[PDB]
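K.L.:
pasting the structure only:
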RNA sequence: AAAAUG
RNA sequence: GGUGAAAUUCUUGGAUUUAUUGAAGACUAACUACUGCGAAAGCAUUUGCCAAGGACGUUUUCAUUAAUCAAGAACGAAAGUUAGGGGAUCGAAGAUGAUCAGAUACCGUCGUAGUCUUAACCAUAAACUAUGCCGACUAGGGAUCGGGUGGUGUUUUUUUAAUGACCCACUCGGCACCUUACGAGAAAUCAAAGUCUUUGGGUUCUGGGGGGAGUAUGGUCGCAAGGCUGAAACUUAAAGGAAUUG
Ligand SMILES: [K+]
Ligand SMILES: [K+]
Ligand SMILES: [K+]
Ligand SMILES: [K+]
Ligand SMILES: [Mg+2]
Ligand SMILES: [Mg+2]
Ligand SMILES: [Mg+2]
Ligand SMILES: [Mg+2]
Ligand SMILES: [Mg+2]
Ligand SMILES: [Mg+2]
Ligand SMILES: [Mg+2]
Ligand SMILES: [Mg+2]
Ligand SMILES: [Mg+2]
Ligand SMILES: [Mg+2]
Ligand SMILES: [Mg+2]
Ligand SMILES: [Mg+2]
Ligand SMILES: [Mg+2]
Ligand SMILES: [Mg+2]
Ligand SMILES: [Mg+2]
Ligand SMILES: [Mg+2]
Ligand SMILES: [Mg+2]
Ligand SMILES: [Mg+2]
Ligand SMILES: [Mg+2]
Ligand SMILES: [Mg+2]
Ligand SMILES: [Zn+2]
Ligand SMILES: [Zn+2]
């Protein structure tokens, strides 16, 4: 049975700290506790260690990332523009 | 055989600038305006004020050594009117007959590629 | 501990002695273990590589940027932060860069930086939600928490102390020429109140 | 109580080594002083003069030419090509309703070092026997024409220096080459290289400048 | 009055009614 | 009732048309609805063509023209008489004068 | 495309899935072509390339990862490398390069 | 430019 | 500078104006149309990539798989909300100058939120063609967009031809238009709003005099603003539509 209507992971906090803060925390807690796809072994086995560290349980490869996501949108944009600048410089 | 400047008539509404410069435009010669020639605060853009300003500008240009002018006439442009004010043609005629020779008349009104949303609100000036 | 950004232990070979030298870089986002990091003038424009500022094109995103060449990294070191290469002046060789604070700085073109953005971004988007979490955050940084308000003190303890109501009493904007013991509040404030409009004037 | 024209001197603008006419006119500047050099006040001035005046022919009444002063050589300002632009009246006259306007622009480097942006324009036209009153292109014709013009401009630059590019622009041969390469797509009446914009200059090369 | 401003006045009055009903319990 | 058979605009098969600003008062009006007039006026008519020709350094100069597409809102066009109120039958006439 | 040929081979021909069976087929010389996923570890890819060089076996580099290669060969599990033993009635062995 | 009420 | 006229404002610390540059964000002029695409809202610089779509052509394929749809879903202008970024312009609020009898309005000068973007909410517009969708048939005509077919066709070169553009004829699909309406309608007008007292092709939704009132209450959705659903008491002989003459 669905145990909570909307709080989900933030049901641990009970009625404290305010609903808006609880939702803000819930989004990032789900993000940080989700399993992610490994770009090296292709499995959905990447989990966070401390903030910014994302380790695959399989293949034991760990990558630097966001505090609560494996890849921030800013880092993805940075990677894309670095690829663009590198390709332009080489050609 | 002539010494060429640039006329640079900025004929807005509410004013007319007759601003003769060198060929580069960095050095200016006898910038005169309609508000310099009238003292009524509403005839600053008038053809008579523009004619007086152009006559003074051409007199000082002939005293400096400028004999001919390439003409560049503009409206306010940007997003405001795009139509030359009532004084531009009068200033150009006064420059034409003040002894100055005329060359390469062009309209240099700044025209956007649909930039810089126009002032006034979506319902415009309601008079 | 005490750092939002994770660190990367990058092992290099000593060019002058047979041994390994471990270096502690600030991990850039995308850097992984087993990755080859290239550091030098001829290193390629790849994330995690250490390049001189002059060798990267306009718009490049770098991190751990040297203020002076050889200082081994001063700018854009906190998690999620980066420096933007916004121009070069090859004569009197210098690089114009945008710092995380929005300042524009001219740096020597020989100063090095790490390609990419510092890992651990988005950290401050999560509410701490708890005095306990703030406690554990500052337990590994310094004894700066919790903070008693100076207005809650006695006059002996703070310029804001005292009064039959808790109130500042005089303007909290304090001159830059004030002395120690006076610089409490908004030191050398150019303005006060809620920021409305656009910052970074010309 | 100054009359700043007593402290001013006149210089002659010698634009080309190639246009038709060395003399374009005069410009005045303050006399060189202790802490203010007239040669420094000059050497950055741009003069926009008509290609009709540069060539002696009124068939170049449009296509204003920008000339940037590079050196002051004994009361003579030697300039060089700085850009070309059509006149506003010519552009507005060319742009008409009931036809397709095709614009292309490329950023190309000349053979030696000059970075320029070339803006070419063209307009669709009716055939001699056409009954239809608008003669619009199908935007695939537009894409193909734009690609052809881009290739033409990028290969006409990158094979010549700035001087030879100016000498190619003056007779408008690029317009004819665009017409020849696009006539099998759409008739394309009013082909023009409407603008050349200088983006980045090489190292000075006073020797290269000294061709006039 | 104008229909739009009548609707706006009704919305303001509805907000007032909601506020007083909330203050009561 | 419906005054104009199609509408007081020209929009069928579109739904939305981007607006333009009136040259006179800057009111927002959809481009298909705005009254558009082209001005091809000579750079110098000014009762002055001969004066400028005499002052000109070039023989047969052929002074240029200013081209301006004016967009008027309905109220401004009617007030400035670019367009006039027509009879019920005359409204159904799209031929220019 | 490569996917239709691969599906035809799976449907009609003979194949082995996985690194160990691929290497065994290479060393017995009954592999006609090996398809290596884009995300295969570089050391394993190099070893497969060396085996295929020794056995004169063609190597095709699948643009997708192991998930994509498994999907292409029609399996619900990741496949890092495929080995074609017999093409069946499929032109994969000749419609390459 | 200003012009409300019956 | 601005206006009808002014003043607020800036200005010999050089304003406005001129030239050369740089930065920023927004926008995408002219071309631009009784033109195109999209379910609608909407969509207008180039190029690349990604999937998608209508129409046409088809002596391909399946064979009734379809039409419309309570409940249920997806999208849904602008404004507004939340949190970052950005914040050039314009600009609810606000401040000011004027006008005025008053003018916290129109007009002038600034200017916050907003305008832009990302991640989410909101779910409303005169969201309009105030015209549900599918199907059939009933006038005359010329244009135009996309595809196709044909020609003793015109022009372009590549060497035979050919596509490309154009012309002529036809055709399918589309945005529309003009004339007349046998027909319809209260009329305005309508090729559908026709094929309706000679009333039945299929189907969904909505209305039942004007107010009270989209109000109260309850429910539900929403962070909120609000959205959806939604009375009754009471009151009233008119309100309303189109057209005619003044
Ligand atoms: K004035
Ligand atoms: K405190
Ligand atoms: K105190
Ligand atoms: K703003
Ligand atoms: Mg009016
Ligand atoms: Mg009034
Ligand atoms: Mg605190
Ligand atoms: Mg105390
Ligand atoms: Mg004290
Ligand atoms: Mg004090
Ligand atoms: Mg006390
Ligand atoms: Mg009416
Ligand atoms: Mg609409
Ligand atoms: Mg009465
Ligand atoms: Mg004034
Ligand atoms: Mg079109
Ligand atoms: Mg455009
Ligand atoms: Mg429903
Ligand atoms: Mg919106
Ligand atoms: Mg303003
Ligand atoms: Mg509604
Ligand atoms: Mg409706
Ligand atoms: Mg009723
Ligand atoms: Mg009526
Ligand atoms: Zn892994
Ligand atoms: Zn208007």
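P.N.:
All right, it came through fine. Numbers count the residues shown, from 1 in each chain, chains lettered A, B, ... in the order given. Ligands and ions are numbered 1, 2, ... in the order given.

K.L.:
When you work out contacts or count neighbours from here on, use the C-alpha atoms and nothing else.
P.N.:
Will do.

K.L.:
and residue B:105, what element?
P.N.:
Using DSSP states H and E, the element containing residue B:105 is strand B:101-107.

K.L.:
I'd like to know which elements that strand is packed against.
P.N.:
Counting contacts by 3 or more C-alpha pairs under 8 Å, 6 or more residues apart in numbering or on different chains; DSSP states H and E, strand B:101-107 is packed against strand B:68-74, helix D:88-94, helix F:49-55.

K.L.:
How about that strand and RNA strand I, touching?
P.N.:
No - using C-alpha under 7 Å from any atom of the strand, strand B:101-107 stays clear of RNA strand I, coming no nearer than 11.3 Å.

K.L.:
Between strand B:68-74 and that strand, find me the angle.
P.N.:
20 degrees (axes from the mean of the first three to the mean of the last three C-alpha atoms, to 10 degrees).

K.L.:
Go through strand B:101-107 and flag the buried ones.
P.N.:
Neighbour counts over strand B:101-107 (16 or more other C-alpha atoms under 10 Å in any protein chain shown) mark B:101, B:102, B:103, B:104, B:105, B:106, B:107 as buried.

K.L.:
cool, stretch D:24-41 as well?
P.N.:
D:24, D:25, D:26, D:27, D:28, D:29, D:30, D:31, D:38, D:39.

K.L.:
So the first one is in contact with residue D:14, correct?
P.N.:
So the one you mean is residue D:24. Yes - taking C-alpha atoms under 8 Å as the definition, residue D:24 is a contact partner of residue D:14 at 6.5 Å.

K.L.:
contacting residues around residue C:126?
P.N.:
When the contact criterion is C-alpha atoms under 8 Å, 6 or more residues apart in numbering or on different chains, the partners of residue C:126 are A:24, A:25, A:28.

K.L.:
what's the nearest residue to the second one if we skip its chain neighbours?
P.N.:
Ranked by C-alpha to C-alpha, 6 or more residues apart in numbering or on different chains and with sequence neighbours excluded, the top spatial neighbour of residue A:25 is residue C:126, at 5.8 Å.

K.L.:
try the last one
P.N.:
Sequence neighbours aside, residue A:68 is the residue nearest to residue A:28 in space, at 6.1 Å (criterion: C-alpha to C-alpha, 6+ apart).

K.L.:
Ok, the first one next?
P.N.:
Sequence neighbours aside, residue C:126 is the residue nearest to residue A:24 in space, at 6.8 Å (criterion: C-alpha to C-alpha, 6+ apart).

K.L.:
before we move on, back to that, could you look over the helices and strands packed on strand B:101-107 and pick the most buried one?
P.N.:
Neighbour counts (mean count of other C-alpha atoms under 10 Å in any protein chain shown) averaged over each of these peak at strand B:68-74, with a mean of 24.

K.L.:
and it, how far from the chain's centre?
P.N.:
Here the centre of strand B:68-74 is set off from its chain's centre by 9 Å, with C-alpha atoms, centre = their mean, to the nearest Å.

K.L.:
do stretch B:51-60 as well
P.N.:
For stretch B:51-60, the separation from the chain centroid amounts to 12 Å (computed by C-alpha atoms, centre = their mean).

K.L.:
how about the spatially most central residue of chain D, what does it touch?
P.N.:
Relative to the mean C-alpha position of chain D, the nearest C-alpha, by C-alpha atoms, centre = their mean, is the one of residue D:84, at 1.9 Å. The contact partners of residue D:84, taken as C-alpha under 8 Å, 6+ apart, are D:63, D:64, D:65, D:66, D:194, D:195, D:196, D:197.

K.L.:
Take the residues you listed and lay them out in JSON lines including secondary structure, neighbour count and distance to ligand 1.
P.N.:
Putting those into JSON lines (DSSP: H, G, I helix; E, B strand; the rest coil; neighbours: other C-alpha atoms under 10 Å in any protein chain shown; distance: C-alpha to the ion, whole Å) gives the following:
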{"residue": "D:63", "secondary structure": "coil", "neighbour count": "26", "distance to ligand 1": "36"}
{"residue": "D:64", "secondary structure": "strand", "neighbour count": "21", "distance to ligand 1": "34"}
{"residue": "D:65", "secondary structure": "strand", "neighbour count": "23", "distance to ligand 1": "36"}
{"residue": "D:66", "secondary structure": "strand", "neighbour count": "24", "distance to ligand 1": "35"}
{"residue": "D:194", "secondary structure": "strand", "neighbour count": "23", "distance to ligand 1": "37"}
{"residue": "D:195", "secondary structure": "strand", "neighbour count": "20", "distance to ligand 1": "37"}
{"residue": "D:196", "secondary structure": "strand", "neighbour count": "24", "distance to ligand 1": "39"}
{"residue": "D:197", "secondary structure": "strand", "neighbour count": "16", "distance to ligand 1": "37"}
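
K.L.:
ok so, going back, count residues in the vicinity of the residue nearest to residue A:28, would you?
P.N.:
By other C-alpha atoms under 10 Å in any protein chain shown, the residues close to residue A:68 number 27.

K.L.:
Residue C:28 now?
P.N.:
Neighbours of residue C:28 (other C-alpha under 10 Å): 36.

K.L.:
How about the contacts made by the residue lying closest to it once chain neighbours are set aside?
P.N.:
Closest residue to residue C:28 apart from its sequence neighbours, by C-alpha to C-alpha, 6+ apart: residue C:118 at 4.3 Å. Going by C-alpha under 8 Å, 6+ apart, residue C:118 touches C:5, C:26-29, C:63-64, C:76-82.

K.L.:
So which of the residues you listed is the closest to chain B?
P.N.:
residue C:82 (31.9 Å; C-alpha to the nearest C-alpha).

K.L.:
Quick check: phi and psi at the residue in chain A that ligand 3 sits nearest to.
P.N.:
Of all residues in chain A, residue A:17 sits closest to ligand 3, at 30.8 Å by C-alpha to the ion. Main-chain torsions, residue A:17, degrees, to the nearest 10: phi 70, psi 0.

K.L.:
One more: residue C:124?
P.N.:
phi -80, psi 0.

K.L.:
rewinding a little: quick one, which of the helices and strands packed on strand B:101-107 gets closest to residue G:34.
P.N.:
Nearest to residue G:34, of all those, is helix D:88-94, at 61.6 Å by C-alpha to C-alpha.

K.L.:
Show me how far the closest one is from its chain's centre.
P.N.:
On C-alpha atoms, centre = their mean, the centre of helix D:88-94 falls 16 Å from the chain's centre.

K.L.:
Tell me the first helix or strand C-terminal of it.
P.N.:
strand D:101-109.

K.L.:
Sheet-wise, list the partners of that next one with their directions.
P.N.:
Here strand D:101-109 is paired, per DSSP bridges, with strand D:115-123 (antiparallel).

K.L.:
Residue C:132 and chain G: what is the separation?
P.N.:
Using C-alpha to the nearest C-alpha, to the nearest Å, we find residue C:132 at a distance of 43 Å from chain G.

K.L.:
where exactly do the helices run in chain A?
P.N.:
All helices of chain A, identified by DSSP state H, fall at A:19-33, A:73-90.

K.L.:
Next, format those as CSV and append mean neighbour count.
P.N.:
Output for those, formatted as CSV (neighbours: other C-alpha atoms under 10 Å in any protein chain shown):
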stretch, mean neighbour count
helix A:19-33, 16
helix A:73-90, 15
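
K.L.:
Take those and write them to a markdown table, including distance to residue C:41.
P.N.:
Output for these, formatted as a markdown table (distance: least, C-alpha to C-alpha, whole Å):
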| stretch | distance to residue C:41 |
| --- | --- |
| helix A:19-33 | 37 |
| helix A:73-90 | 15 |
